[PDB]
Amino acid sequence: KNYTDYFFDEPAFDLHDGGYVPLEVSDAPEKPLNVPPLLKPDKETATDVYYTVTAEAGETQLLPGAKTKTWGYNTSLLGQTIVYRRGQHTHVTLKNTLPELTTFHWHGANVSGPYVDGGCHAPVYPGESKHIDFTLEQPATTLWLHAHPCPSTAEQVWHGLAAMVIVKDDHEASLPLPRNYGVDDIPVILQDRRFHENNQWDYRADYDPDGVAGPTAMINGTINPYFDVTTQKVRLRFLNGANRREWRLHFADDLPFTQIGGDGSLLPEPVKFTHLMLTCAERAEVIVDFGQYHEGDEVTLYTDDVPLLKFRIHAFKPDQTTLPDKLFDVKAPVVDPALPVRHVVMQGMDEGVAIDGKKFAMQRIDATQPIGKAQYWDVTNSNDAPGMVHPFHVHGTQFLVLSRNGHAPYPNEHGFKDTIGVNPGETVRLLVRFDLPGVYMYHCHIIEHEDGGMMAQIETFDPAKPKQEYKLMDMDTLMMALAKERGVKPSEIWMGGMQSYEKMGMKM
Ligand SMILES: [Cl-]
Ligand SMILES: [Cl-]
Ligand SMILES: [Cu+2]
Ligand SMILES: [Cu+2]
């Protein structure tokens with residue numbers, strides 16, 4: 001009924017790592033949580049919407065003293081929240097005003113690959129504009145935008161390129177959920193950073209091939225935030241946007257909250273928690289009820305023993321409303337019995353990370369699957385011992401979770417998901433269908449692992465057609481371009497991920 005324990009295997013948690021960086025409460029003064037504005041469309045009708053999404057360098061006051069140099073989408077850090085709607089024709093102008101190339105990846109959006117998907121093979125160069133057009137046919141959910149060059153995605157997310165994407169549909173608009181964005185429905189983008197001299201970031205100084213975590217939590221680009229509650233119920237859209245950290249979320253007083261949404265859909269039924277764990281790139285939407293609190297009270301959201309976000313309780317209109325027993329009808333696609341069970345094995349830690357025995361190669365296709373055909377994917381984490389949880393992510397689909405070592409999925413995994421935490425020794429079985437042809441990455445979403453090789457890619461295809469040609473990114477193109485952009489020789493260019501490739505004697 002009420003889940004008081006984190007689901008993942010406790011001995012594998014990040015906090016047992018030899019080089020774990022605990023979070024430390026910053027000295028900085030507490031302040032209102034930043035809620036990113038809603039990106040104003042250029043233009044909108046019932047059928048169409050037009051946006052311009054602009055990657056940009058700038059500065060952001062994060063700590064007392066100097067501004068921290070940051071990157072962002074239509075703002076200096078993170079990004080304004082982008083809203084998309086099932087069935088609506090969407091036109092996005094991607095505009096790079098940074099000094100380096102970037103990529104615009106719509107994490108969890110079921111769009112064509114490899115260009116609209118905006119992964120490794122979709123560079124936008126400084127000064128360039130690219131136009132994309134798509135229509136999403138997927139249920140309401142919380143997705144996100146982040147940068148995806150291969151490598152280094154980790155550098156560009158650390159700089160600050162991430163933004164929440166909200167997907168609306170008609171069914172979700174019929175439900176009795178908080179939805180007044182910025183008042184009772186808010187992003188809780190969870191991140192960490194380490195601040196250095198003059199409050200700057202230095203990804204390189206902090207590089208660790210097993211995952212970069214700093215001591216200072218940063219929620220929606222804010223240090224020591226607090227939220228003014230003016231409603232009995234608040235909807236929190238949790239996003240783990242850290243490069244590696246696991247968030248182990250729970251309130252003072254064990255105040256319960258009820259998860260209503262996962263990565264790719266509403267959950268079929270609400271699930272009540274007191275303690276909720278999220279690995280990288282996972283989303284969880286929860287409803288918190290503040291009815292048992294007096295005006296003037298204060299409630300604190302923690303991760304482990306560390307306070308993250310304070311809820312200040314003001315006067316609120318009482319709210320009767322209960323959630324229905326059924327939020328969402330999961331229609332599971334159908335597996336053709338003549339397909340194999342695909343088996344995908346994540347191996348290694350630190351610099352040794354790999355999938356199915358190999359590190360990612362941007363030019364090499366690792367797998368194929370025909371479109372419109374669901375297949376069972378067995379996904380294994382080989383790590384022994386106590387080891388670690390790797391969050392596995394697949395571009396271009398939302399899957400369903402069928403089993404964890406032959407037993408039931410976790411209670412909040414009965415809806416659609418694009419990212420899944422896999423414990424050491426574990427095999428999760430997934431039901432994976434790709435509606436669109438293209439090239440799509442699959443990988444660990446600990447971002448240093450991804451950059452450091454724990455990545456592969458699948459070509460999805462129409463079996464009624466000849467093989468397609470895709471211009472794939474090559475490493476020489478990337479390093480000439482970054483060399484020109486930084487004003488250096490290709491041989492002095494540094495990128496997060498290189499060290500993992502170099503040390504195992506492997507060619508990026
Ligand atoms: Cl300040
Ligand atoms: Cl460099
Ligand atoms: Cu993705
Ligand atoms: Cu990993």
# chains A, B, ... in the order shown; residues from 1 in each chain; ligands from 1
>>> residues_around(residues="residue A:296", least_positions_apart="5", cutoff="10 Å", atoms="only C-alpha atoms", output="list in words")
residues 312, 313, 314 and 315 of chain A
>>> write_last_selection(atoms="N, CA, C and O atoms", output="short mmCIF file (atom, residue, chain, number, x, y, z; two decimals), in the first residue's frame")
data_model
loop_
_atom_site.label_atom_id
_atom_site.label_comp_id
_atom_site.auth_asym_id
_atom_site.auth_seq_id
_atom_site.Cartn_x
_atom_site.Cartn_y
_atom_site.Cartn_z
N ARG A 312 7.44 25.81 2.27
CA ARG A 312 6.79 26.75 3.17
C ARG A 312 5.29 26.76 2.96
O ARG A 312 4.83 27.04 1.86
N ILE A 313 4.55 26.46 4.00
CA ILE A 313 3.09 26.34 3.92
C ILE A 313 2.40 27.69 4.20
O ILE A 313 2.50 28.24 5.32
N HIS A 314 1.68 28.21 3.21
CA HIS A 314 0.79 29.34 3.40
C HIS A 314 -0.65 28.87 3.42
O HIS A 314 -0.92 27.67 3.35
N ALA A 315 -1.57 29.84 3.53
CA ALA A 315 -3.01 29.60 3.43
C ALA A 315 -3.32 28.97 2.10
O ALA A 315 -2.82 29.42 1.06
#
>>> residues_near_ligand(ligand="ligand 4", cutoff="6 Å", atoms="only C-alpha atoms and all ligand atoms", output="number ranges by chain")
A: 390, 444, 446, 449
>>> residues_near_ligand(ligand="ligand 3", cutoff="9 Å", atoms="only C-alpha atoms and all ligand atoms", output="ChimeraX atom specification")
/A:105-109,117-119,144-146,148,281,393-396,418-419,440-443,445
>>> residues_around(residues="residue A:286", least_positions_apart="3", cutoff="9 Å", atoms="only C-alpha atoms", output="count of residues only")
10
>>> select_by_dssp(residues="stretch 276-450 of chain A", states="strand (DSSP E)", output="JSON, numbers by chain")
{"A": [276, 277, 278, 283, 284, 285, 286, 287, 288, 289, 298, 299, 300, 301, 302, 303, 306, 307, 308, 309, 310, 311, 312, 313, 342, 343, 344, 345, 346, 347, 354, 355, 367, 368, 369, 370, 375, 376, 377, 378, 379, 380, 381, 390, 391, 392, 393, 394, 399, 400, 401, 402, 403, 404, 416, 417, 419, 420, 421, 422, 427, 428, 429, 430, 431, 432, 438, 439, 440, 441, 442, 443, 444]}
>>> atom_distance(atom1="atom CA of residue A:318", atom2="atom CA of residue A:255")
17.9 Å
>>> closest_atom_pairs(of="chain A", to="ligand 1", cutoff="10 Å", atoms="only C-alpha atoms and all ligand atoms", output="JSON lines")
{"residue": "A:28", "atom": "CA", "partner": "ligand 1", "partner_atom_place_in_ligand_line": "1 (Cl)", "distance": 6.9}
{"residue": "A:29", "atom": "CA", "partner": "ligand 1", "partner_atom_place_in_ligand_line": "1 (Cl)", "distance": 6.9}
{"residue": "A:30", "atom": "CA", "partner": "ligand 1", "partner_atom_place_in_ligand_line": "1 (Cl)", "distance": 8.9}
{"residue": "A:31", "atom": "CA", "partner": "ligand 1", "partner_atom_place_in_ligand_line": "1 (Cl)", "distance": 8.7}
{"residue": "A:60", "atom": "CA", "partner": "ligand 1", "partner_atom_place_in_ligand_line": "1 (Cl)", "distance": 9.6}
{"residue": "A:61", "atom": "CA", "partner": "ligand 1", "partner_atom_place_in_ligand_line": "1 (Cl)", "distance": 5.8}
{"residue": "A:62", "atom": "CA", "partner": "ligand 1", "partner_atom_place_in_ligand_line": "1 (Cl)", "distance": 5.6}
{"residue": "A:63", "atom": "CA", "partner": "ligand 1", "partner_atom_place_in_ligand_line": "1 (Cl)", "distance": 4.5}
{"residue": "A:64", "atom": "CA", "partner": "ligand 1", "partner_atom_place_in_ligand_line": "1 (Cl)", "distance": 4.0}
{"residue": "A:65", "atom": "CA", "partner": "ligand 1", "partner_atom_place_in_ligand_line": "1 (Cl)", "distance": 7.0}
{"residue": "A:66", "atom": "CA", "partner": "ligand 1", "partner_atom_place_in_ligand_line": "1 (Cl)", "distance": 8.9}
{"residue": "A:67", "atom": "CA", "partner": "ligand 1", "partner_atom_place_in_ligand_line": "1 (Cl)", "distance": 8.7}
{"residue": "A:222", "atom": "CA", "partner": "ligand 1", "partner_atom_place_in_ligand_line": "1 (Cl)", "distance": 9.5}
{"residue": "A:223", "atom": "CA", "partner": "ligand 1", "partner_atom_place_in_ligand_line": "1 (Cl)", "distance": 8.5}
>>> closest_residue(among="A:452, A:225, A:328, A:12", to="residue A:384", atoms="only C-alpha atoms")
A:12
>>> residues_near_ligand(ligand="ligand 2", cutoff="10 Å", atoms="only C-alpha atoms and all ligand atoms", output="ChimeraX atom specification")
/A:204,479,482-483,485-495
>>> write_last_selection(atoms="N, CA, C and O atoms", output="tab-separated table (two decimals), in the first residue's frame")
chain	number	residue	atom	x	y	z
A	204	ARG	N	36.57	19.24	-16.22
A	204	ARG	CA	37.86	18.59	-16.35
A	204	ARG	C	38.57	18.31	-14.99
A	204	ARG	O	39.05	17.17	-14.76
A	479	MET	N	36.68	16.17	-34.08
A	479	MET	CA	37.89	16.76	-33.53
A	479	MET	C	38.47	17.88	-34.36
A	479	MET	O	39.09	18.74	-33.77
A	482	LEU	N	35.84	20.78	-33.29
A	482	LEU	CA	36.14	21.23	-31.93
A	482	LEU	C	37.50	21.92	-31.87
A	482	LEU	O	37.69	22.80	-31.05
A	483	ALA	N	38.46	21.50	-32.71
A	483	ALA	CA	39.81	22.12	-32.75
A	483	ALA	C	39.76	23.56	-33.27
A	483	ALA	O	40.28	24.49	-32.64
A	485	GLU	N	37.06	25.33	-33.28
A	485	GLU	CA	36.19	26.08	-32.36
A	485	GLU	C	36.90	26.49	-31.06
A	485	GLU	O	36.59	27.53	-30.48
A	486	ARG	N	37.85	25.68	-30.62
A	486	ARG	CA	38.59	26.02	-29.43
A	486	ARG	C	39.90	26.80	-29.75
A	486	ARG	O	40.49	27.38	-28.83
A	487	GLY	N	40.31	26.85	-31.03
A	487	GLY	CA	41.62	27.40	-31.40
A	487	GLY	C	42.80	26.57	-30.89
A	487	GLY	O	43.70	27.10	-30.24
A	488	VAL	N	42.79	25.27	-31.17
A	488	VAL	CA	43.87	24.34	-30.77
A	488	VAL	C	44.14	23.31	-31.89
A	488	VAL	O	43.47	23.32	-32.95
A	489	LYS	N	45.17	22.49	-31.69
A	489	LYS	CA	45.53	21.41	-32.62
A	489	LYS	C	44.73	20.15	-32.25
A	489	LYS	O	44.62	19.82	-31.06
A	490	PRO	N	44.21	19.40	-33.25
A	490	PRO	CA	43.42	18.21	-32.89
A	490	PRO	C	44.03	17.33	-31.80
A	490	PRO	O	43.29	16.77	-30.98
A	491	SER	N	45.37	17.25	-31.78
A	491	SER	CA	46.10	16.45	-30.78
A	491	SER	C	46.12	16.97	-29.32
A	491	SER	O	46.58	16.25	-28.45
A	492	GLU	N	45.65	18.20	-29.06
A	492	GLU	CA	45.56	18.73	-27.68
A	492	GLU	C	44.11	18.84	-27.11
A	492	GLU	O	43.91	19.04	-25.90
A	493	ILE	N	43.13	18.70	-28.00
A	493	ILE	CA	41.73	18.62	-27.65
A	493	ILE	C	41.49	17.61	-26.52
A	493	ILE	O	41.96	16.46	-26.59
A	494	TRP	N	40.78	18.04	-25.48
A	494	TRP	CA	40.37	17.17	-24.38
A	494	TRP	C	38.84	17.03	-24.39
A	494	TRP	O	38.14	18.01	-24.58
A	495	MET	N	38.35	15.81	-24.19
A	495	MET	CA	36.90	15.54	-24.13
A	495	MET	C	36.64	14.50	-23.06
A	495	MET	O	37.41	13.52	-22.93
